[PDB]
Structure formats: structure tokens, C-alpha cells
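**Student:** Here we go, the starting part of the complex in its complex frame:
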Amino acid sequence: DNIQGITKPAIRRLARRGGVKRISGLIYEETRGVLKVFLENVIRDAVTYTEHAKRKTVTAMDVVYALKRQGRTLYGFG
Amino acid sequence: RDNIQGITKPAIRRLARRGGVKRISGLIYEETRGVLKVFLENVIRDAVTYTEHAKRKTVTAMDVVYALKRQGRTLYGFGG
Amino acid sequence: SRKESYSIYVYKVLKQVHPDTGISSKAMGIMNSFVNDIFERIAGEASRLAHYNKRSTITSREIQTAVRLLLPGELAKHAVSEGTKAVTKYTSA
Amino acid sequence: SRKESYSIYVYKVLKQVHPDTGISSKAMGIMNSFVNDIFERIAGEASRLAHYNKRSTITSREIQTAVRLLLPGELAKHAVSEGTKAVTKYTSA
């Protein structure tokens, strides 16, 4: 159970970059679940591309293609 | 021209009723007319662009289907 | 000119699923659009999968992977079994 | 082995716009991916336009229409203007 590694201070820092001034005490457990749901949908696609190529090493391009398929084009990693 | 006034208050109420709205403020009508006009303008510009590329003069249902498809909304029942 | 359509095949399937039921012309037009939609989506992803691996040929593995990427979990789970059974019987014939 | 990128042409343009400024390798990577993206968008739409009209070839008419569909109103006018200028200079050389 490594979800606890996303600490409360880190969530507050993310909220500050987003402009949030005051934060309620229940936001932390809601945010952990949202992030956990987001990661799984990207990793499943990356692993699918890795398996089609019969490789054993997940590669940056697999992630780039997984994100582009969802409409989240990322510039910078080739 | 005045043709935008053809979208009467009762028609807007019927649309709001289908969406489940129970009570409507009196300022919603002009806002809805403004929201609708930009949507029509955007779809029609693309439709006419496809019509002009084909050198046709009549606008067909396929030009509309392709325009909507490009905007990201798919219409079933008219072709394609 | 002559226009092709899937209407006869959709009707054969309907007669297999519900012999007593019929279908109107508008419903047939909708079904005829749905089939072309999914056909173009699968062929598109199979094409992308081929270019990313420098392969020159589309094969059943490209179709199977495109199906696993496009359809949700249970639908993909069943469709893969249907395609595998069809290809196996075709090759054994 | 040997890779292929646009970094030479991007640097040539940079020294024409701002002859006193340089660019970091991290920014060059983003500029390199930007061209590949827009190239794929335009070539895609040009292929669809050719298929709908039942034509076998891609011409400047398909490129011009794809540009007018993809780029916003102010970018489109300038892009079309200099595309036609380039083609006219090439054909008159």
C-alpha cells in the first residue's frame, strides 16, 4: 500500500500551484483515489503496447502513445 | 435580420422542460439565443468549405455529417 | 449506379435472434452507420500498430490488439474468443 | 542507427528571426515534436479529402483546403498567402 506515499504537504503544494487558498480536511483522501484511478488507465495501455512488441522493458514511447490515445499529447520526450 | 427572433420563448421553455428544468429566470432567453448562434455559424462554415472544394452549388447532407464529425460529434441516420 | 449495404446481413442476424420481430427502414439506416463506424475505428488502430513496428503486413495479431485497445473489458473478452474460434475453424477446413 | 531531425532548419530560422539568441537542447526537442504533429494533422485531412471525392492523387488543392479547415482565421490567411507565393516562385523558376 504505497498510496500513502503521496503525502498531505505534496497535495497542498499542488493546490497552491492551482491557486487554492483554503483547503478542507477531507480533500486528501478524495485526491488519492482520483490519482489511483487515473494511473491505471495509462499503465494498462502502456503494457499492452509493450506486450504486442514482445519486449520485457516498458519504454517512454509506449507511454507517449498511451497518453496521445486519450487526447493528452505530451511534448518533450520524443 | 430579425430571423433570430423566430426562436420564440415557448420553444426555449419546451427545450428546458425536456432537460428537467422546473423554474426559469427571465434573462435566460437572450443568453440561449447567443449560445445557439455561434454553434450554427461554426458548423455552417465547415459545411460550405466542403461544398466549395467539390465545386458544387447545392449543400448536401454529407457536408453536414462531415462537419459535425470534425467538431467531434457523430450523427447517425442521415448517411455515412 | 448500384449501392452496397449490410441490410441483408443485419436482417439474417435479426431472424436468428428474434424470428417474430421486424425492423423499420430508419433502424436499418442507423445499424448501417454503426457498422461502418466500428469498421473504420478498428482498421485505423490496426494501421497505426503496423507502422510503429515497421511491419508491412496487417495480420490477425494487429486486429486482436486493436480490439483489446478499443472495446471495454467484457466486450473485448468475448469478441476475442469469437474471432479466435472463427479463424481456427476457417484454417482447419 | 543514424537519426533524423529538423534541428538544422529550426536553427537556420532562429538565426533569421533573432540573430543574437540561442536555444537549449530541451527546447529544441519540443520544437522538433511540434513539426511532426502538425505535419501528421495536415497529411491526414488531405488524405480524407482525396478519398471523399474519389481521387487517386494529392495536390495543392487538398493541402490548401486542409489548412483552411485546421488553422484559425488569422493564421490561415497568412499561411495560404505564402504557400501560394512559394508555389508560384517554384513554378516560375
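**Tutor:** Sure thing, it's come through. Numbering: from 1, shown residues only, chains lettered A, B, ... in the order given.

**Student:** Chain C against chain A: which residues are in contact?
**Tutor:** C:49, C:52-53, C:61, C:65, C:68-69 (C-beta under 8 Å from any C-beta of the partner chain). C-beta: built from backbone N, CA, C; applies to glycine.

**Student:** Try it again at 10 Å.
**Tutor:** C:45, C:48-49, C:52-53, C:61-62, C:64-66, C:68-70, C:73 (C-beta under 10 Å from any C-beta of the partner chain).

**Student:** Tell me which residue lies nearest the centroid of chain C.
**Tutor:** Nearest to the geometric centre of chain C sits residue C:39, at 6.0 Å (C-alpha atoms, centre = their mean).

**Student:** For whichever strand or helix holds it, buried residues please.
**Tutor:** Following DSSP states H and E, one finds residue C:39 within helix C:25-52. By 16 or more other C-beta atoms under 10 Å in any protein chain shown, the buried positions in helix C:25-52 come out as C:28-29, C:31-33, C:42, C:45-46, C:49.

**Student:** closest to chain B among those?
**Tutor:** residue C:33 (4.7 Å; C-beta to the nearest C-beta).

**Student:** Backbone dihedrals for residue 22, please?
**Tutor:** In the absence of a named chain, chain A is used. With angles defined as degrees, to the nearest 10, residue A:22 sits at phi -130, psi 140.

**Student:** my bad, chain C
**Tutor:** phi -120, psi 170.

**Student:** What of residue C:58?
**Tutor:** phi -90, psi 130.

**Student:** pretty sure it contacts residue C:49?
**Tutor:** Yes: in this structure residue C:58 lies within contact range of residue C:49 using C-beta atoms under 10 Å: 8.7 Å.

**Student:** shared neighbours, those two?
**Tutor:** residue C:66 (C-beta atoms under 10 Å, 6 or more residues apart in numbering or on different chains).

**Student:** Can I get the buried residues of helix C:25-52 in TSV including distance to residue D:81?
**Tutor:** Shown next, in TSV, are the buried residues of helix C:25-52 (distance: C-beta to C-beta, whole Å):
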residue	distance to residue D:81
C:28	48
C:29	43
C:31	47
C:32	43
C:33	39
C:42	41
C:45	37
C:46	39
C:49	39
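
**Student:** Show me which positions of stretch A:31-51 end up buried.
**Tutor:** A:31, A:42, A:45-46, A:49-50.

**Student:** put chain E on too:
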Amino acid sequence: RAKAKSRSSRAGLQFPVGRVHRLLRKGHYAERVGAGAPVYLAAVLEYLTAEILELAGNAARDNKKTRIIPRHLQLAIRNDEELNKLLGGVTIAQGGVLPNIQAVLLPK
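**Tutor:** Just below you will find chain E, in place on the chains above:
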């Protein structure tokens, strides 16, 4: 010369394997098309077609009708948690909407 037998009859499918193979060649998706691709794609399209028509027919029966109409297709798709995900961005002509009212709006 042997008597011809259709590829669909060999595979046991209703959909046309020959038409699918032709469409795969004419669309320029790739320069070569393997022999197994059209049988697999035809089997998948047939599965999804029957999967939709069954729910549409059940809706038509509940309404006490005998002919399927677009209203029944809309009711079939929007009541299934998986079909609605695959066809979320699609609007069906004459489909209408599902009955739904917010609990806050109903009288005490």
C-alpha cells in the same frame, strides 16, 4: 474445376469475408493484408451486431410492439453500462431522452 464455396460458409459467418477483404485492400491501410484478418474482423462485427439487436428486440417487446424503431435502439444503448461507454459521443436521430427527474424537485 471444383465447385465454388464461399469463405463465409467455410468460417460459418453471415457477414461477407470477401467484401471485408476488398475494403481492407482499397483503403490503403497497409501494402499487404494477411489471409486471417478479414475472418477475425467479420466475426467481431457480427458479434456486436447481434449483441445490440437482442436488447433492441427486448425493448420492442416490452413496449408491446412488433417492429423495432429508433426509440428502442436509444433505450437499449443508454440502459447498458458498456454500450453507453463505447457510444457516448453518438446522437441518434429521433431517439429522445431517458426519463429522469431530480429528487430535490419533486413535491413533499
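
**Student:** same question on the buried residues of stretch A:31-51, but now with chain E added
**Tutor:** Buried-residue list, stretch A:31-51, by 16+ other C-beta under 10 Å: A:31, A:42, A:45-46, A:49-50.

**Student:** now the residues you listed as TSV including distance to chain C?
**Tutor:** Converted to TSV, the buried residues of stretch A:31-51 look like this (distance: C-beta to the nearest C-beta, whole Å):
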residue	distance to chain C
A:31	26
A:42	13
A:45	7
A:46	11
A:49	8
A:50	11
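
**Student:** wait, what's in contact with the closest residue to chain D within chain A?
**Tutor:** Proximity of chain A to chain D (C-beta to the nearest C-beta) peaks at residue A:75, 4.8 Å away. Each residue near residue A:75 by C-beta under 10 Å, 6+ apart is listed here: A:64, D:29-34, D:37.

**Student:** just residue C:77 next, same as before
**Tutor:** C:68, C:71.

**Student:** From residue A:67, how far off is it?
**Tutor:** Plainly put, residue C:77 is 25 Å away from residue A:67 if you go by C-beta to C-beta, to the nearest Å.

**Student:** got it, and residue E:4?
**Tutor:** Counting by C-beta to C-beta, the gap from residue E:4 to residue A:67 is 49 Å.

**Student:** Leaving out sequence neighbours, find the closest residue to the most centrally placed residue in chain E.
**Tutor:** Nearest to the mean C-alpha position of chain E, by C-alpha atoms, centre = their mean, lies residue E:49 at 3.3 Å. Distances taken as C-beta to C-beta, 6 or more residues apart in numbering or on different chains put residue C:13 closest to residue E:49, at 5.4 Å, once the chain neighbours are dropped.

**Student:** residues contacting the one you found?
**Tutor:** C:6, C:31, E:14-15, E:46-47, E:49-50, E:52-54.

**Student:** quick one on the thing from earlier: of the buried residues of stretch A:31-51, which is the nearest to residue E:104?
**Tutor:** residue A:31 (27.6 Å; C-beta to C-beta).

**Student:** With neighbour numbers in mind, choose between residue E:4 and residue A:67.
**Tutor:** A count of neighbours by other C-beta atoms under 10 Å in any protein chain shown puts residue A:67 above the other of residue E:4 and residue A:67, at 16 against 5.

**Student:** my guess is the more buried one meets residue A:42, correct?
**Tutor:** Yes: the pair residue A:67 and residue A:42 qualifies as a contact (C-beta under 10 Å) at a distance of 6.5 Å.

**Student:** attach chain F to the model above:
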Amino acid sequence: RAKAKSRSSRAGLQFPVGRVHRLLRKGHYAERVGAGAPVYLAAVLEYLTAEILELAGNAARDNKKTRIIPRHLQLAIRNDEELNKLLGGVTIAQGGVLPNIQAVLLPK
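**Tutor:** The block that follows adds chain F to the chains above:
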């Protein structure tokens, strides 16, 4: 056998017309590609490149820097109403967000 000279020099462009022509033929977009397509596409790509670099270079001077970095590209894109519409879905690494605080949150 006259001395060879590049098509880009004839058109007056910096980008490679030959490489673009090759990439079109290798993509299977169509069975035939006309002579004018690569010159037009090269000119379009050169235009959009020069516009992006001009705005990024202006943003560099406003920070007394002499080298362009991703932050300057992000600020150049997000401050222009035309470029921001074209690149609305793109994420740029190391770009960060623009400074913005709602007026309701400032002190009374």
C-alpha cells in the same frame, strides 16, 4: 549532366522539400503525390515555426536571458489567443502555469 541544385533553393525555402516528398510517399496517404504538395506544406511549416520562435525570443529578453528554454515557449503560447487555440490539448514539460489569482481571494 548539369550541376545539381536543390528544389528548396529554387522555391526559396529553408525546409527540405525532398524529405517532405519522401515522407508523403512512404506514409501510404494516397497512391500518387503531385509536384506542388511538398512546396506548399514546407512553406506552411516554416511560417508556423518562425511565428513561435519570434514570440519565444521576445519573452527571453523580458527576462534578461540570452538562451531560450521551455518556460519561454509556454509563456509565448499561453499569452497568444491564436496559438493557444491551436495548442489547447498539448502539455509542455517544464512549462508550468501562468500567474493568476482570483480577485475574491485578495485582501479586503
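
**Student:** same question on the contacts of residue A:75, but now with chain F added
**Tutor:** Shown in contact with residue A:75 (C-beta under 10 Å, 6+ apart): A:64, D:29-34, D:37, F:70, F:73, F:87, F:90-93, F:95.

**Student:** same deal with residue A:65?
**Tutor:** A:45-46, A:48-49, A:59, C:48-49, C:52.

**Student:** Let's see that with 7 Å instead.
**Tutor:** Neighbouring residues of residue A:65 by C-beta atoms under 7 Å, 6 or more residues apart in numbering or on different chains: residue A:49.

**Student:** And it, how close does it get to residue A:45?
**Tutor:** Where residue A:45 is concerned, residue A:65 sits at a distance of 8 Å (C-beta to C-beta).

**Student:** Tell me how far residue C:38 lies from chain E.
**Tutor:** According to C-beta to the nearest C-beta, to the nearest Å, residue C:38 and chain E sit 7 Å apart.

**Student:** rewinding a little: among the contacts of residue A:75, which pair sits farthest apart?
**Tutor:** Applying C-beta to C-beta across the contacts of residue A:75, the maximum distance is between A:64 and F:73, 18.4 Å.

**Student:** Close to chain F: what parts of chain A are there?
**Tutor:** A:17, A:19, A:21, A:71-76 (C-beta under 7 Å from any C-beta of the partner chain).

**Student:** which of those are buried?
**Tutor:** A:74-76.

**Student:** ok so, going back, okay, buried residues for the helix or strand where the residue nearest to the centre of chain E lies please.
**Tutor:** For residue E:49, the host element (DSSP H and E) is helix E:37-62. The neighbour-count check on helix E:37-62 (16+ other C-beta under 10 Å) flags E:37-49, E:51-53, E:55-60 as buried.

**Student:** With stretch E:60-73 instead?
**Tutor:** E:60, E:68-73.

**Student:** ok, is it in contact with chain C or not?
**Tutor:** Yes: shown here: stretch E:60-73 in contact with chain C (C-beta under 7 Å from any C-beta) through E:60, E:66-70, E:73.

**Student:** ok now do the nearest residue to residue A:66 once chain neighbours are set aside, which residues does it touch?
**Tutor:** Using C-beta to C-beta, 6+ apart and skipping residues adjacent in sequence, the residue nearest residue A:66 is residue A:45, 3.7 Å away. By C-beta under 7 Å, 6+ apart, residue A:45 lies in contact with A:66, A:69, C:69.

**Student:** Just give me the residue closest to the centre of chain A.
**Tutor:** residue A:39 (4.3 Å).
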